[PDB]
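Quick notes on the structure that follows.
Letters A, B, ... are given to chains in the order of the sequence lines, protein chains preceding strands, and every chain is numbered from 1.
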Amino acid sequence: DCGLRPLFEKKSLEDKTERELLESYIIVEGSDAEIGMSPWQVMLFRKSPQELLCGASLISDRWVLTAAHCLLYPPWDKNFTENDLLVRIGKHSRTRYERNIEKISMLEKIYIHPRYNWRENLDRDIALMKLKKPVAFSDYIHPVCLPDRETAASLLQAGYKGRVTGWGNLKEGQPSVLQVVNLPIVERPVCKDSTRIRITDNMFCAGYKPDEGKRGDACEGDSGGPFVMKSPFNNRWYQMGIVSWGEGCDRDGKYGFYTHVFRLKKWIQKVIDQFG
Amino acid sequence: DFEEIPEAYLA
Ligand SMILES: O=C1COc2ccc(Cl)cc2CNC(=O)[C@@H]2CCCN2C(=O)[C@@H](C2CCCCC2)NC(=O)CCN1
């Protein structure tokens, strides 16, 4: 039942900008999300001090997907463990404890890709989090789908738009509520020529070209969040990427980079079934 | 500016 939102697909209601996504299948400069617009959005929360660490996504009732740099990043002496964090699901407001709406969960085990490259380019920036006890779904809590080879093949094309959400910085003030932005996928060549960093097959970049007029991007605080796309074949939402890295936010001639989820699905499958 | 969450989760 993944990818079908209780307040939208299930009632046959379209959200305010999904049409932009569908019409393309031929957070900075974003906007407030609608209630129940991204029921898989998860907030990585630090106990002490109490603070927003990153975004993440709900892929089942027991598993959360995020960027490995949110948990381990030696250059900044960052190396969190299960007991240092809290996962908050069902949120809209960034700072308010949404009583009766959100659910807070504890972690049982963190799994970081064994080949995550924090030394150079955040290659394989991905991590899975096993919650202690299953979260119950509701109108505001529902998992996103992981893509299969076919879906990945037909959707991950330059020009096709995806959607990014998060409570991170609005400029390079934090938002009051969850922000949302739709961005086009960019050609590898262009991604490669916009930076000095070595780009691998495990990444993809998104954002508007400087001449495209429209703009927008992820920013600090957004890390680990999902880049999703709506399949025009079965109407479900699939997570194609994980907000990973950028050099600035919404810089002209620059683009945000994302972890290519499909390329790493074998590791994801492996873990989930080997550890429940 | 985070609102205090219930201690039951902090434990
Ligand atoms: O301004 C931003 C935008 O940040 C962005 C912008 C767009 C996107 Cl999608 C995601 C992030 C958040 N990720 C990070 O900031 C990660 C955390 C570890 C270092 N990160 C980077 O993004 C590096 C990268 C430098 C080049 C080598 C890889 C790490 N750039 C910076 O530290 C500048 C601060 N971040």
(request) May I ask you to decide if A:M240's main-chain N or O and A:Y258's side chain share a donor-acceptor pair within less than 3.5 Å? (result) no
(request) For the pair A:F257 and A:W245, name the ring-plane relationship: parallel under 30°, tilted 30 to 60°, perpendicular over 60°. (result) parallel
(request) With chain B as the partner chain, list the residues of residues 164-176 of chain A whose heavy atoms fall under 4.5 Å from it, by residue number, and write 'none' if nothing qualifies. (result) A:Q174
(request) Please look at A:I104 and chain B and tell me whether the side chain, the backbone, both or neither of the residue comes under 4.5 angstrom of a heavy atom of that chain. (result) both
(request) Return the set of residues passing ring-ring contact (aromatic ring centres under 6.0 Å, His included) with A:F45 (not counting sequence neighbours), or none when no residue passes. (result) B:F2
(message) Counting heavy-atom pairs closer than 4.5 Å to chain B, which one of A:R96, A:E51, A:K47 comes out on top?
(response) A:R96
(message) Could you tell me if A:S244 and A:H69 have a donor-acceptor pair between their side chains, going purely by distance under 3.5 Å?
(response) no
(message) Hydrogens and angles aside, do A:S105 and A:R88 bring a side-chain donor and acceptor to less than 3.5 Å of each other?
(response) no
(message) Taking A:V64's backbone N and O only, do any of them form a donor-acceptor pair with A:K130's side chain (distance below 3.5 Å, no angle check)?
(response) no
(message) Quick check on A:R99 against chain B: is it the side chain, the backbone, both or neither that has a heavy atom closer than 4.5 Å?
(response) neither
(message) Please tell me whether B:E3 and A:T95 have a donor and an acceptor in their side chains that are separated by less than 3.5 angstrom.
(response) no
